[PDB]
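S.K.: this one's experimental. Sequence and coordinates below.
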Amino acid sequence: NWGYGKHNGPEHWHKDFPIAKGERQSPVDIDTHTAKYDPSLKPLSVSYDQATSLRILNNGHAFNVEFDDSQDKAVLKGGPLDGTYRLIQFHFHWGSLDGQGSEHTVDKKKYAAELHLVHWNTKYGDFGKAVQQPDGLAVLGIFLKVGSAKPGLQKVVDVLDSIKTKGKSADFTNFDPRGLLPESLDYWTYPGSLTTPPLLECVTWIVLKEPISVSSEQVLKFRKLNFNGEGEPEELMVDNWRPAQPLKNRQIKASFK
Ligand SMILES: [Co+2]
């Protein structure tokens with residue numbers, strides 16, 4: 001029964017999910033002066049040329065663009081990762097106002113939104129087994145700032161009216177996630193968790209330094225979605241972000257000098 005409201009939001013999650021107060025929780029503030037360049041990081045490889053998107057779903061908390069992960073078709077490798085991680089879905093977190101919405105922050109700066117491309121480690125066979133492992137998942141996080149429109153986002157925006165309410169889905173084939181990436185792949189990395197319940201501590205986070213720009217009109221259309229189901233009182237889908245959590249005994253590494 002978790003969500004993002006006053007009575008069921010992030011400050012309540014620990015009661016059903018005690019790992020919310022764990023040693024490896026996400027998101028975090030990225031203190032750029034404390035993060036250290038790591039020359040042992042290999043080059044990051046984002047191989048999304050054969051990505052096969054299938055469907056888009058409003059799950060009552062965000063919307064997921066789902067991919068066919070039955071074959072190695074869209075994969076993340078390199079950087080801090082060992083082996084191959086397969087893309088299963090992406091989603092966003094965003095605010096009610098342009099001054100908030102991201103989960104990670106950079107020297108306490110909040111962006112308008114944050115894109116998460118979720119991948120699972122193929123050594124574990126499927127996503128469900130991967131989320132029982134400390135290196136099960138790799139999430140590529142990309143900040144969104146408001147400015148010029150992002151052409152590669154428009155197909156997402158324009159289908160949101162068809163998935164307004166919780167539980168609705170639509171066909172969403174032939175979507176190219178390359179068009180959501182910034183120019184540079186410079187990143188920060190650290191060990192963390194899912195940022196929604198069950199908050200499992202299974203993620204290698206790779207957070208790109210360069211944000212993408214999206215237009216005010218694009219993000220306003222995200223804010224017309226609903227957390228509620230059809231025929232229920234409208235609750236706008238906004239502020240579906242968890243705030244930064246304690247870094248504890250962790251180090252954030254940078255890929256760039
Ligand atoms: Co997320």
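M.R.: Nice, thanks for sending it over. Numbering: from 1, shown residues only.
S.K.: can you list the residues of the stretch 151-257 of the chain near the ion?
M.R.: Where the stretch 151-257 of the chain comes near the ion, counting by CB under 5 Å from the ion, the residues are residue 195. All C-beta atoms are positioned from the backbone trio N, CA, C, and that covers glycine.
S.K.: now the strands: where do they sit in the stretch 151-257 of the chain?
M.R.: With DSSP state E, counting those that start in this stretch as the criterion, the stretch 151-257 of the chain has strands at 169-171, 187-192, 203-208, 212-214, 253-254.
S.K.: with respect to burial, which of the ones you listed scores highest?
M.R.: For the strands of the stretch 151-257 of the chain, average neighbour numbers computed from mean count of other CB atoms under 10 Å are highest in strand 203-208, which has a mean of 24.
S.K.: which of the strands of the stretch 151-257 of the chain sits closest to residue 60?
M.R.: In terms of CB to CB, the element of the strands of the stretch 151-257 of the chain nearest to residue 60 is strand 169-171, at 11.9 Å.
S.K.: how distant is the closest one from the center of its chain?
M.R.: Centroid separation between strand 169-171 and its chain, computed with CA atoms, centre = their mean, to the nearest Å, is 20 Å.
S.K.: can you list the residues that contact it?
M.R.: For strand 169-171, the surrounding residues in contact (CB atoms under 8 Å, 6 or more residues apart in numbering) are 54, 55, 56, 57, 58, 159, 162, 163.
S.K.: please repeat the previous calculation with a cut-off of 7 Å.
M.R.: With CB atoms under 7 Å, 6 or more residues apart in numbering as the test, strand 169-171 has contacts from 55, 56, 57, 159, 162, 163.
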